[PDB]
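>>> Just the first chains of my complex for now:
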Amino acid sequence: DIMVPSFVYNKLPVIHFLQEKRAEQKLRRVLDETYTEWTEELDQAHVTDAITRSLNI
């Protein structure tokens, strides 16, 4: 009725702070893993060159 309640009440602030920091860390890790992937596609000049060769030019 007296002791354990008081010590729990004393614990609350530090635990709240640490859990907030942990959530911020999770969000930071989520953001840090985001990279924009620039894809590379076959240049159409080679396609045009192959078209010309097929014409026997």
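Ah, there it is. Numbering: from 1, shown residues only, chains lettered A, B, ... in the order given.

>>> After the top helix by length along chain A, which helix or strand is next? Please name it.
Ranked by residue count, the top helix of chain A under DSSP state H comes out as helix A:3-32. Downstream of helix A:3-32, the next assigned helix or strand under DSSP states H and E is helix A:44-54.

>>> For burial, what's the neighbour tally of residue A:47?
Residue A:47 has 10 neighbours, counted by other C-beta atoms under 10 Å. Backbone N, C-alpha and C define where each C-beta goes, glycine included.

>>> Same check on the one 3 residues further on?
Applying other C-beta under 10 Å, we find 10 other residues in the vicinity of residue A:50.

>>> what's the answer for residue A:51, then?
So residue A:51, with other C-beta under 10 Å, has 11 neighbours.

>>> So it versus residue A:43, what's the distance?
Applying C-beta to C-beta, to the nearest Å, the value for residue A:51 to residue A:43 is 13 Å.

>>> could you also fit chain B onto it:
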Amino acid sequence: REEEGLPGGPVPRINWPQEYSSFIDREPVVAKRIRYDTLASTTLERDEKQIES
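Take a look at chain B, now in place beside the chains above:
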């Protein structure tokens, strides 16, 4: 360009009368004319619907 009626393919900026005078033998000159004339008579276009698909 298609609406106007000009050739679809690119056409180089050349003056073949000068080229004939420059070169000694007609064979390379005639070959060049054959290639460009063939190129200007072809449409270097693809169907971009299938390509995108």
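
>>> mind redoing the neighbour count of residue A:47 now chain B's in there?
13 (other C-beta atoms under 10 Å in any protein chain shown).

>>> tell me which element the residue of chain A found nearest chain B falls in.
In chain A, no residue comes nearer to chain B than residue A:57, which is 4.9 Å away by C-beta to the nearest C-beta. Assignment of secondary structure by DSSP H and E places residue A:57 within no helix or strand.

>>> Surely it is in contact with residue B:40?
No. Counting by C-beta atoms under 8 Å, residue A:57 stays clear of residue B:40, with 10.8 Å between them.

>>> near chain B, which residues of chain A?
A:47, A:48, A:51, A:52, A:55, A:57 (C-beta under 8 Å from any C-beta of the partner chain).

>>> and of the residues you listed, the nearest to residue A:15?
Lowest distance from residue A:15 to these (C-beta to C-beta) belongs to residue A:47, with 63.0 Å.

>>> show me the contacts for the closest one.
residue B:46 (C-beta atoms under 8 Å, 6 or more residues apart in numbering or on different chains).
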